[PDB]
Amino acid sequence: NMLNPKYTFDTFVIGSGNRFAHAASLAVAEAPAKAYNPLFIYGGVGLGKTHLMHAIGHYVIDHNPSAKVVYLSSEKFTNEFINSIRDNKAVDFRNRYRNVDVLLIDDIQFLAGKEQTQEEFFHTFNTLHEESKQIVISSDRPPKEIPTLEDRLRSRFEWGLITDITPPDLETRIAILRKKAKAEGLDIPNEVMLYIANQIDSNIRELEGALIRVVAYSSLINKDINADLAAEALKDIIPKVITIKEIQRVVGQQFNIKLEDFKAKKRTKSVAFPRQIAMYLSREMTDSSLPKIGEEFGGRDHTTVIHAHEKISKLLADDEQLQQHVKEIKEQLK
Amino acid sequence: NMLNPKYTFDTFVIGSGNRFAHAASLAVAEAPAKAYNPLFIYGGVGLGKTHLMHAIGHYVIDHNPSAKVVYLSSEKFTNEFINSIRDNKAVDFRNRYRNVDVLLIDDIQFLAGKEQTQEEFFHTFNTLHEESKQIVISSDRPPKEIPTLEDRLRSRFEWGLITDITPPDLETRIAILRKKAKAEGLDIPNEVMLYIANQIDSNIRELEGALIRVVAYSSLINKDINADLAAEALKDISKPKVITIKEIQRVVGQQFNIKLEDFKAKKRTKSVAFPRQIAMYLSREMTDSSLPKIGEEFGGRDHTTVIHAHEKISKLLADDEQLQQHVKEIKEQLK
Amino acid sequence: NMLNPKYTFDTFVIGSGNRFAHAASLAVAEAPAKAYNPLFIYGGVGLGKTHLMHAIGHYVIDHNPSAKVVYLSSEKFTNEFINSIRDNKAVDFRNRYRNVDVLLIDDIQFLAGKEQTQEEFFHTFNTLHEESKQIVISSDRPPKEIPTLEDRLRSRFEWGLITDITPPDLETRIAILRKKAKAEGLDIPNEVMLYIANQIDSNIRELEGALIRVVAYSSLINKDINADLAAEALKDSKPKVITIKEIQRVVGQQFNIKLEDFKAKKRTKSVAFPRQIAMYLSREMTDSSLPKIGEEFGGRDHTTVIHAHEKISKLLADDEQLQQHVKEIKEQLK
DNA sequence: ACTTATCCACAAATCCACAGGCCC
DNA sequence: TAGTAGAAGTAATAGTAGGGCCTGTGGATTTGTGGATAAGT
Ligand SMILES: Nc1ncnc2c1ncn2[C@@H]1O[C@H](COP(=O)(O)OP(=O)(O)OP(=O)(O)O)[C@@H](O)[C@H]1O
Ligand SMILES: Nc1ncnc2c1ncn2[C@@H]1O[C@H](COP(=O)(O)OP(=O)(O)OP(=O)(O)O)[C@@H](O)[C@H]1O
Ligand SMILES: Nc1ncnc2c1ncn2[C@@H]1O[C@H](COP(=O)(O)OP(=O)(O)OP(=O)(O)O)[C@@H](O)[C@H]1O
Ligand SMILES: [Mg+2]
Ligand SMILES: [Mg+2]
Ligand SMILES: [Mg+2]
């Protein structure tokens, strides 16, 4: 059907960032339409939302062959809705999508900006919840911050349980890697898994891609996977914390001035202008507080910091090659 | 069909710079949607990405006549998408591009700056991957550095297997010359191909152009192909070593027996300044960096000092054949 | 149509400096899209490139009346492309220029700098090449020295065969003056033949212009053509085009500075004063654009030329010597 | 003690993306 | 057996990439010019 055999509760590795979502989803799977009817789950990219939805559908269909579970995306929903109302066959669209025992609608944020598709989904939600049919909704952002969503639809989103998924930590990253390797059926040393999980922490997808690249490169070189071969396979794939000290050093380097005279009390232009540019960069790049940066600037007052920042912003608002130099400095810092 | 009969896995030549991509493409063509469902090949220009895409298409079509293999470039995708939007046949566009066993989309970087087409390709990718359909994506730079690409699409690109093509080796350039000569069915002595391969190193396209020009000039003059005729034909036709300041000061320090760190020292002695003055001269002569940067590389020395040293060295070499010879030797060493 | 019938494969003669291009073009005409599919003819002005392109078009259309052969200059291509974008007829533009059997594009050099049209020409090239169509391109310089040409388009240009056109020699001039004499059906003495052959060598357009002048003089004088009449006709009535190269070479002759260093980034006063003088003179007596002057002089900005002209005007508004020298050089170049 | 080579402040020729007005 | 004259109809999408440049101030910026300064002789 429309579900994924690889996406099930057994393949899901439970961790700190997905324990709550997993438990809520498992409750919904065990007691459809009776425990948490409007379930809403949101998170980042490559975190397990569609995996969890397919696991819910798999569990319900496995335990209840007389269950009409339908998984779909928001894009497919709008496509089918508009096609139906263009073909003048809307009655069949309604008949299909109001009689589902479980509705697993995905990436609901796509509905933002489509007023009539939002209205049709609103009526679909009302009809499905009025008859005790399970509703699971997935998003990338909490329902509050989905734009162009009406109060009615948002309030239906918020009626039941709302969960969240957080990026995974090291232990569960290594656990996911071990599970994927064991499912594939190859023995990989634990040092390789630790190496990969350390040097790629973005989501499942780049982690899986790194594992696939390691395996493919090792198979090509017909050598057993080790830490050095994994390093060579991931040489071409592999952010830094910005530091006020590093910013000052860089700016002083470009603008022909030493390091010890940043805290000097000299008011010469040739030193003040690079210092003002460096402090403007620190203000508009780092989250460091104004008292802290002033302390790093030899105890300069917040009023003086304000005046220098405003002067630099206004002066840059009239020219472009200072912006070019700032862009070059930022590229160097990256 | 839309595929090239010239591009095939047979006509492709395995080199050290493309063995990985050839193996990945061959495995994908042997087992579509079952080995590496999203496959992402990136590299330089004229390096053999469309060759591999057409080769995969040919293999899949030949080994499965009933499979729908569709090859297109990014600009064709955008043109057809926008045309469908204007003509209200977007349903036809979706039904055409969401129901293919194998999709082969070329030069995906062109989508940078096309937000609606990026969304449409995102959804097409999602549908094809859900339905266990093979997707092959081509580009010149990895998805990390394609600008204005949504993180969802980037994460999809990074999901499967990403492989790269690197510029060809001398041996494989000679092999490509041999293969092309055999394909067009005339014989060329080995030294001519060796000369062409040594002289031309950018990508396959310039190599093919050089071979075509040599063959055509030989046919025109009605004389047999040799090294002198090849040179005459190619009269007007493995890396550009970009200079760097650390290299130039390393060369001058090895020439005049001064350590690296002392280059940033404040000493004003003659035996220190004169190498530094000629370093200023050669830096301004060769590199495109500003005199602010030339003062950066010596720990913040003034552009005025740099230019004063420059004109001093110019005046010196105006009457110093020994200095001219030394600077020429420095140029030869750095080149 | 758009093809000049004066140029045809019959009236072109195998010269010493153009036999290679003639043979390549003839092979292309005999076997379109099969022999040398991307054809690239680079050479000086008035040497036979347009003649060869028109001959190729004539041959292909004659031996295949159903073939779609289109010839155009790059100016027309750019203008049509821009107007298609402006009027939202870009679909019609693409339909016109991607479904032709043979395309003959003229003067590809000045596309240098005009971006977004060398991407549409890139896509047109790729469409024609993949659909097994024929492309002929004309230029005044080898592709490796066409400025601001993206590496992909450069590789596309160099993928094919490159033909060098050399200025004609004595025998070629003699042959084509015989050709024009047979074309226009008048008889001239061998003395005038040799005269016009050997004492006139800039380009064959100049040769034809001298022919026209001699014919007009003979018709006006109502006397038989002879060496004395030819010499009297060619003693000197033409407004010379004030070119940037002429201006800069006059400036260099007057100031003792070479020409190649004008491309150098060096901007000492002794060479910057002649540079800004040349910029002001070009702005004064050239209809050419300041960005074109900058590109011919190192790819500099138009605002640079504007500032140089403003500074020169300010200087001449105060110093009489500068005005006198400017008047002297203007009279010299006039 | 002075003058000479060297480093730094300062002003001007130059070059950048950027506002605008055609006008197609 | 040879058979008549039939009306009043809805609520509806999501939607693209794009042209140089003729001009033209504003302002950085990257230097040369001049001045300030240590030293060494
Ligand atoms: N905890 C986990 N354990 C195992 N696999 C996981 C886990 N979290 C995510 N994954 C992997 O995520 C992959 C795909 O991610 P998924 O589609 O579930 O997330 P998503 O990007 O949030 O979803 P969506 O498609 O709704 O945008 C699956 O193949 C699955 O193996
Ligand atoms: N081993 C090889 N690798 C690459 N190209 C080869 C090889 N052997 C022959 N060629 C020829 O050299 C040309 C270079 O490949 P290709 O044209 O695909 O470069 P590309 O820049 O990747 O193409 P595109 O720009 O369309 O992506 C091909 O047209 C091909 O016919
Ligand atoms: N080598 C030549 N021999 C004889 N005639 C020539 C030669 N070159 C140019 N001509 C004459 O010039 C005319 C047009 O060709 P020409 O070389 O002027 O094209 P062109 O200058 O390249 O034009 P464009 O710059 O528009 O491409 C022809 O009618 C031809 O008589
Ligand atoms: Mg989702
Ligand atoms: Mg490609
Ligand atoms: Mg021309």
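The rules behind each value
- Residues numbered from 1 in each chain as written, not as in the entry; some residues may be left out.
- Chains lettered and ligands numbered in written order.
- Part of a larger assembly, values for the part shown.
- Heavy atoms only, no water.
- Contact = heavy atoms within 4.5 Å.
- Buried area = accessible area lost by both parts, 1.4 Å probe.
- Salt bridge = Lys/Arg side-chain N within 4 Å of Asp/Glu carboxyl O.
- Polar contact = N/O pair within 3.5 Å; in protein donor to acceptor, adjacent residues only side chain to side chain.
- Helix = DSSP H or I, 4+ residues; strand = E, 2+ residues; numbered from the N terminus.
- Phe/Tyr/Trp six-rings, centres within 6.5 Å; stacked < 30°, edge-to-face > 60°.
- Buried < 20%, exposed > 50% of the residue type's maximum accessible area, 1.4 Å probe, protein only.
- Near = heavy atom within 4 Å.
- Areas by Shrake-Rupley, 256 points an atom, 1.4 Å probe, with all protein chains shown as cover.
- Nonpolar A, V, L, I, M, F, W, Y, C, P; charged D, E, K, R; others polar.

If you check the header, you'll see the entry was determined by cryo-EM and the resolution is listed as 3.2 Å.

S.K.: Explain the interface of chain B and chain A here, please?
M.R.: As a measure of interface size, the accessible area lost when the parts come together is often cited. Each partner contributes residues to the interface: chain B has 25 residues there, and chain A has 23 residues. Of the roughly 2300 Å² buried where chain B meets chain A, counting both sides, 49% is carbon and sulfur surface. If you sort the residues of chain B by the area they bury against chain A, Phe20, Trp159 and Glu296 of chain B come out on top, with a joint share of 25%. Summed over the shared surface of chain B and chain A, the number is two salt bridges. For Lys144 of chain B, the salt bridge identified is with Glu206 of chain A, shortest N-O distance 2.6 Å. Where chain B touches chain A, the interface holds five residue pairs in polar contact. Going through the elements one at a time, α1 (19-30), α4 (90-97), α6 (151-157) and β5 (161-165) of chain B are the ones with two or more residues in the side of chain B that touches chain A.

S.K.: Explain the packing of aromatic side chains to me, please; I cannot follow it from the model alone.
M.R.: In this description, an aromatic ring pair is defined by two values, namely the gap between the centres and the angle between the planes. A full pass over the atoms with the stated rule returns 34 aromatic pairs over all chains. Residues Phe40 of chain B and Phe157 of chain B carry aromatic rings whose centres are separated by 5.5 Å and whose planes lie at 50° to one another, so their mutual orientation is tilted. Placement of the pair is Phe40 of chain B in strand β1 (residues 38-43) and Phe157 of chain B in helix α6, with a sequence separation of 117 residues. On the basis of relative accessible area, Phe40 of chain B is assigned to the buried category, the value being 1%. With relative accessibility at 1%, the residue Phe157 of chain B sits in the buried group. Between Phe262 of chain C and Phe297 of chain C, the ring centres sit 6.2 Å apart and the planes meet at 70°, which makes this aromatic pair edge-to-face. With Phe262 of chain C in the loop between α11 (244-255) and α12 (269-285) and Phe297 of chain C in the loop between α13 (290-296) and α14 (302-316), the pair connects residues that are 35 residues apart, well separated along the chain.

S.K.: So what exactly am I meant to see when it comes to the site of ligand 2 here?
M.R.: Within the structure, ligand 2 sits among 17 residues, and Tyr7, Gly46, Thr50 and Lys180 of chain B together with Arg156 of chain C are positioned closest to it. Bordering ligand 2 are residues originating from chains B and C. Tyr7 of chain B places a side-chain nitrogen or oxygen 2.4 Å from an oxygen atom of ligand 2. Bound to the protein, ligand 2 loses 94% of the 610 Å² it would expose on its own.

S.K.: Honestly, the site of ligand 1 in this entry has me stumped. Any pointers?
M.R.: Around ligand 1 lies a shell of 20 residues, among which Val13, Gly46, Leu47, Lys49 and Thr50 of chain A are the nearest. Neighbouring residues of ligand 1 are not confined to a single chain but are spread across chains A and B. A distance of 3.1 Å is found between an oxygen atom of ligand 1 and a side-chain nitrogen or oxygen belonging to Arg205 of chain A. Starting from 630 Å² of accessible surface for ligand 1 in isolation, the protein chains cover 91%. Elements with a minimum of two residues in the shell around ligand 1: α2 (49-63), α7 (170-184) and α9 (204-220) of chain A. Class assignment for the residues of the shell around ligand 1 results in seven nonpolar, seven polar and six charged.

S.K.: Help me understand the pattern of salt bridges in this model?
M.R.: Per the counting criterion, the structure on display carries 40 salt bridges over all chains. Across the pair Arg154 of chain A and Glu158 of chain A runs a salt bridge, and its minimum N-O distance is 3.0 Å. Under the relative-accessibility criterion, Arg154 of chain A is labelled partly exposed at 30%. The closest approach of N and O atoms between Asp140 of chain B and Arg141 of chain B, which form a salt bridge, is 2.9 Å. For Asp140 of chain B, a relative accessible area of 31% puts it in the partly exposed group. Residues joined in a network through salt bridges with shared partners are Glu206 of chain B together with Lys144, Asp151, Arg154 and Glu158 of chain C.

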